[PDB]
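1. PDB entry and its sequence, pasted below:
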Amino acid sequence: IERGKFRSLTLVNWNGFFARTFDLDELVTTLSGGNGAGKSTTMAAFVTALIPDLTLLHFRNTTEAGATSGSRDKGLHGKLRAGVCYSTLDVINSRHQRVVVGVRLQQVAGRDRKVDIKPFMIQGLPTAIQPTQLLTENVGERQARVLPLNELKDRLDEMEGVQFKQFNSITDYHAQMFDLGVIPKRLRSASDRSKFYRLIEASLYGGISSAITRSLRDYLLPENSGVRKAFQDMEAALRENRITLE
Amino acid sequence: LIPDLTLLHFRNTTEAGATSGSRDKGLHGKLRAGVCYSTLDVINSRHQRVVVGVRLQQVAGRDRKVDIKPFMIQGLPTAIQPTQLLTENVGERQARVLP
Amino acid sequence: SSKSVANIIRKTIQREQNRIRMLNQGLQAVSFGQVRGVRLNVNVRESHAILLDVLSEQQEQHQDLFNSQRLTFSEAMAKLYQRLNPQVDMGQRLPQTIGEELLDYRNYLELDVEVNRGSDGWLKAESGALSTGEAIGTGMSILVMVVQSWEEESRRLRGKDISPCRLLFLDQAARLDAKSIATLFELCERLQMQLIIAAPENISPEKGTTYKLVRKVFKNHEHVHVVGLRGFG
Amino acid sequence: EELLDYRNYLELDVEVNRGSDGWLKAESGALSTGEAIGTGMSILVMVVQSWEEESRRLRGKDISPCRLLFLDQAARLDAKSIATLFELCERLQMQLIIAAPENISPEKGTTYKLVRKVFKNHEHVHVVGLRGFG
Amino acid sequence: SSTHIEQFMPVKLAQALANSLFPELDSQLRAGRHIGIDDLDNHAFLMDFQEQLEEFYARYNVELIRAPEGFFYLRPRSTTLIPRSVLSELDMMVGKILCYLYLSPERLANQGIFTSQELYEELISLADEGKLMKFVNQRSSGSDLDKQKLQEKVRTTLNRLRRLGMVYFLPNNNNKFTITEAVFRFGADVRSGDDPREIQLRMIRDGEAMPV
Amino acid sequence: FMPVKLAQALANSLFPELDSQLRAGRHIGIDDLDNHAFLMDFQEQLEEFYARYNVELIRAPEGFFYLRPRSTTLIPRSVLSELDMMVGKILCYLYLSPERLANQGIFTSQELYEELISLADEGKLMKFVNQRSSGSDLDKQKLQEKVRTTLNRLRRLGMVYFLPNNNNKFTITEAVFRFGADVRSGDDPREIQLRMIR
Amino acid sequence: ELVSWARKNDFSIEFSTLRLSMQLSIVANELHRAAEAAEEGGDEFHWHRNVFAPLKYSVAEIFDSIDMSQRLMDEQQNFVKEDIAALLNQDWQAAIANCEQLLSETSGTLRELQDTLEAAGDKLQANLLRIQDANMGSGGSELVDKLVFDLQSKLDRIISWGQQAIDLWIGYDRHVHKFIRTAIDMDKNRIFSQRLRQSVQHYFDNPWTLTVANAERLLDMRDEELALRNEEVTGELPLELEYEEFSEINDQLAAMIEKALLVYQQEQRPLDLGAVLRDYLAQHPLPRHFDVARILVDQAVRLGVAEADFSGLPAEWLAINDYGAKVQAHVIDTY
Amino acid sequence: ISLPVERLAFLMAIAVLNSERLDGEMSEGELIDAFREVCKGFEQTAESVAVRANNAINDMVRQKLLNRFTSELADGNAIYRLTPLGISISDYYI
DNA sequence: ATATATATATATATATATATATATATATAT
DNA sequence: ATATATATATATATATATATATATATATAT
Ligand SMILES: Nc1ncnc2c1ncn2[C@@H]1O[C@H](COP(=O)(O)OP(=O)(O)OP(=O)(O)O)[C@@H](O)[C@H]1O
Ligand SMILES: [Mg+2]
């Protein structure tokens, strides 16, 4: 079988990036540049596109990886510019379907460095349409402008064959992505989402993540309900015996 | 520099501030069986050549523990190197570290 | 009921041991520093095997502990685990939580990561006794095995026609040398794993695609300029 | 007792003039790896200088304590940052021991090439040394 | 002597009010929640210090009352310091039906676990379908849209009763439930073998039930 | 056991009414002489008693007491509408200094209605009544009725003391400062209040 | 995947324990015979006719028959529940004894079925493991393993149900007693039940409602409405990606040095880094010298070790050029 | 006995899962999932998934196709098992 | 005149309980 | 039909108590 692939990553109105699309590689994509180039920003934007759960997203420095820094800030807000921003993934499914998943990010006005995230998906987009252009409107002389979610919905609905969906919960977002062969595990419960984010977070910083090795049992071995049922049966028996004894 | 077993913790660069996870401090496995030495040579502003150092020994036992004994040497000639003081150039192929 | 419990735990443990032992042969002697191979050690814990035996055959002998109004079932299990096998010397953790932990079958197996460091055989992998590159390689091996296991488990729910996408990251790749990076590349391609790596210097000039980013201050704001790179010219 | 200490009366912060923006409080989460490493080294040399200044009055007037710092996994820094760090250490007469897995080749100072091997069924580190280049 | 609890409060009442269970129980009770045998901890707590709590709550002009079935609750007086409210007539229908299901052996196979659909089927079996529907909408004549409206209304009333402790949703399922003995209160007008019109006056006089 | 002074405070015959009004969210100011003095005296123990409920007994800088529910509050919580906070800020503004010459501490529903219409933006007014409305008689009547309802809701909280009669004319208490903004050195209270409201 | 198969198909429209014992005996005989035949061994045709035709069909059919008996018992449990439920409607207080008997007989029957099931489960499992052991006698016996893996679960599955059903029934039973202890104890004559029914039927002739405490909810301050940042950001769109190429000069230099140095390994000549570096650096301009030295060392240290490094005698810093370049390395002797 | 295409497909899926089920027990928590999957495959939405699933399970129970047992601990607080008629109808094609 | 055992102080890090913030389901009301 | 309020669960960081192991000075056996 032909495994699906991540074609490209698009960044809109990000810190440093206005509208930039990196075409990913079949095997390895490398990013270089002096300190502060913005590679970590690209990684963060990708992972935000993958797991938009705001509770999990925490972009600590590679130094103090997992060491509590008490900054009170997850670091995502400072990585976005004012206004609308987008982070999208084009994926070729094993069914050879081009699906553009993505999220609209937006800073929340106020002293708190808080952000709002709204996921979305597009199916059936023609292979000739690039997300960078799809998400921007050419206004002025070579001066494209970004358009909000409502405008994007209007633009896409006017097209033929493209199906756009907007999710009210990251749960359905993950469910749809899993349905299209994008995620290995079905993140039905919040614990599954936490484990998934733990895996990608350990990968990003690389190496032996303390939490992983500490819960390797939970991460590898599957949960069994028969043992739980048997223990509950024994619990009920013991409770009845105690009732009788008392 | 700091021969204190309480503070010495050679955790991996990764997990630079994370909890221990294990109980070992990572020093014992960096030593070899026998008597070992770690020495600095310093030239003061007064230009006194001082050899500070510590003798290390893997404390034989159930756990992976290390014994450290500090020491200082003053007035050494500038022509004698630390490796010579601590090692006997016996006729064998390899020298012998002396206690 | 206690006998039936112990039996089902034993069967589940045996099945999981067999599955993991079969999976272990999915590794092909990765070369990272002095680490020559990575392996998963699964073993039933004797401290817990004794507990299973007591539950399955000698439940009544310790009823005095079970039927105490002071102890809940989790606390009763914890106290029983304390009674037999008293040399484990658990820490300051409370009886309630340790019992609750005892109620999960997975706990009964020691599940650890072994590495064939140099020529010392297979040793338990402790971050405190491994170089940075060795630990990074071992962690990547663990993560790839975990994702493989997740894919395998979901093979039933998913359709027969879809293979989920595979992708991982590695920031500050400069911590790895050429040999380690070549080994990582060969592993990822053998496992059809996509990788996104970062390093200040182009550490992988002759494989995959590469980009270089330069940040320019420009009229009191910033812009990132991206330039593709090619192996030869 | 906390009030009895004058130091508690003081608020201390670390600020960086980051790019086009003014001075911002140094938050580990709002910086890249190299920036954080460099700021850490800066604060470390600040601490060393402060300690020397404090201890001078209890020492011989002609004693200057040695200053020496480390930097492991230096490959996380670019050439520009490494050059700036070298300039800083030189200006402060401060010795550095930097580890890099062959990625960087600092031309100034001493370099030590290490290679691990098996000899007589024992692990051995073959060591070679160079210096004076530049 | 001074600095002595008996000066202000009896020892047992103070001990009861300082117990870890007191706050949740008090908040639930003031919210209108009935307490049955199922909440073993709370029921035992009420039983042990039952008298102290009736006299404490009397200060609010509300009676902590234990029905003969063994379930405690609060009945406010006309001079209540805690506001008072009356269940809807549809709530009475569902409560009477719930009592029937508690006492009905035909559904014994269910083992106490019931679904809202079965409750609605039984309700329509025993009540007047269209004339009961009249209250859901004044212009109903059997329209299936109004039928779904009545089903939704029954579901909502069932949820409110769940809030009152008459019914418990299952630890994982909100579409199935288990009845509690508190439902017996819905039969207080018929537990005594006398004329209905005199028992109604007795109850309303006692504050048990206001009219509509 | 129980703290002795806590037992004394709970046993006091004032405790039932005050407890009911607190659990109802009412704010106890300096006007309620007996209740305010009781709370002043026994705060050190009622704070613990109401912290047992995962609620905080807060004495505002103005002086009035109230209960703030935490996320784990054991007292069924509820949230005021948008119109409720808007009306609260309107009254806080009306707790003004020229107010003394304007209404001498006694306002009427018409004052609040006119202030709300003139001061608030049209979009929020429509959001209150309904989006599709645009300057109509029925919509304005419904808005006035909702204004009366929220005024009653505030009365329940002790924010507004009605002058006793069916007619709508009341007085504003100091506790209304809860809706108010913080005061800085030299800031005009009018300006900061209006900036918050806008 | 079967959903599409069904869609295209377009289709639409004995509790006696003596039995269970006799099927178990038949199964025991056939399973033991098949296990012994497998253990004896034979060619591919013998393996087939002894372990695939006889075993497969017979064991599948008779395990299905045993499961069918369990299903018939399930039907009987359902029927007895319904009979109890109907009886309690007709006699109320007088059916208590009837229901207790029916519960007794059903419980006894379930226990006897469980006993009969466990009477042969262990030995059948042993025989099946024996067949597993003997299966590996040929390479084409893969299919046999499937049965030896399949016929396991069914058996155990059967036994599981034999207990699970009781676990369920012993539960349900209790409820019935509870009902009798709760529903009918306080309604011995049932009059309360009829009177409640008539009240329900004629409720609205006297509509009455109960009173319940409805304490007020603690009104709270609404958190400030969250307003996002909107600025209609605009900017230049990136051009087409440019490209740059990597210089392989260092690769060429490394190849040159490796070829120049392989002679030392070939001849096992003692290599002295000082002299070699001093000679070789003369061929390049000074600025490149460093980039040469490093590479040369990288090439040299892979070739054997230096024996003097174990002598405890530090080596000297030999100069390898003008301008002040120095090297510290012992002679490389042991190749 | 009346099995439309959707009901028949749900029954066949139930039989397949029971065949591949470890201990031969089916909680309704999985029956609802199976009905959701079959209805999704058949691409028809007369009502919500839950109501359709409940109606189909009840119809099969009363049509003598499934047997229900009340067990609170079970996922969905119920355990379902194929009846002899259901087994026969399922294996007639399988 | 020595080295081991004791008591003291200290940092480490282990665990618990608390409090906060976010996501979810879902039940109400226009 | 959908905006909105409400209850619940989980992850995450803070703060405190406590057991463990080591370092230092003194006491007492060798
Ligand atoms: N949340 C933030 N707030 C403010 N500035 C930020 C934020 N995140 C990143 N930056 C700045 O953006 C630039 C790029 O940061 P980033 O961490 O993405 O770079 P990088 O390429 O990964 O760097 P390095 O390789 O040195 O770690 C740096 O100036 C960093 O300080
Ligand atoms: Mg970075």
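-> Received the coordinates, thanks. Numbers count the residues shown, from 1 in each chain, chains lettered A, B, ... in the order given. Ligands and ions are numbered 1, 2, ... in the order given.

2. Show me where the chain has its helices.
-> If you meant another chain, say so; for now it's chain A. A:39-50, A:131-134, A:149-158, A:170-179, A:190-205, A:210-220, A:226-245 (DSSP state H).

3. nope, chain H
-> Using DSSP H, helices in chain H cover H:5-20, H:28-42, H:49-62, H:84-93.

4. right, and those - which one's nearest chain G?
-> Nearest to chain G among the helices of chain H is helix H:28-42 (3.0 Å), distances taken as Cβ to the nearest Cβ. Bear in mind the C-beta positions are built from the backbone N, C-alpha and C, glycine included.

5. Give me the neighbour count for the closest residue to residue G:234 other than its chain neighbours.
-> Once flanking residues are discounted, residue G:234 sits nearest to residue A:145: 4.3 Å by Cβ to Cβ, 6 or more residues apart in numbering or on different chains. Look at residue A:145: counted by other Cβ atoms under 10 Å in any protein chain shown, it has 16 neighbours.

6. can you check residue E:211 too?
-> Other residues close to residue E:211 by other Cβ under 10 Å number 10.

7. the domain parsing of chain E - what is it?
-> Chain E breaks down into these domains under CATH domains of a matching chain: E:5-76, E:89-187.

8. Endpoints of the first one, how far apart?
-> Taking Cα to Cα, to the nearest Å as the measure, domain E:5-76 stretches 29 Å from start to finish.

9. That domain close to chain C?
-> No. Using Cβ under 8 Å from any Cβ of the partner chain, domain E:5-76 stays clear of chain C, coming no nearer than 12.7 Å.

10. Would you tell me whether that domain gets close to DNA strand J?
-> No. Domain E:5-76 does not reach DNA strand J (Cβ under 7 Å from any atom of the strand); its nearest approach is 8.7 Å.

11. Give me the buried positions along stretch A:51-67.
-> By neighbour count on 16 or more other Cβ atoms under 10 Å in any protein chain shown, the buried set for stretch A:51-67 is A:51-53, A:56-66.

12. Check stretch H:31-45 too.
-> So stretch H:31-45, judged by 16+ other Cβ under 10 Å, has buried residues H:31, H:32, H:33, H:34, H:35, H:37, H:38, H:39, H:41, H:42.

13. I'd say the fourth one and residue H:15 touch.
-> No. Contact between residue H:34 and residue H:15 fails when scored by Cβ atoms under 8 Å: they sit 10.3 Å apart.

14. Between the two, which contacts overlap?
-> Residues touching both residue H:34 and residue H:15 (Cβ atoms under 8 Å, 6 or more residues apart in numbering or on different chains): there are none.

15. gap between whatever residue of chain A ends up closest to ligand 2 and residue A:75?
-> Nearest residue of chain A to ligand 2, counting by Cβ to the ion: residue A:40, 3.4 Å away. In this view, residue A:40 and residue A:75 are 10 Å apart by Cβ to Cβ, to the nearest Å.

16. what does residue E:154 give?
-> Applying Cβ to Cβ, the value for residue E:154 to residue A:75 is 51 Å.
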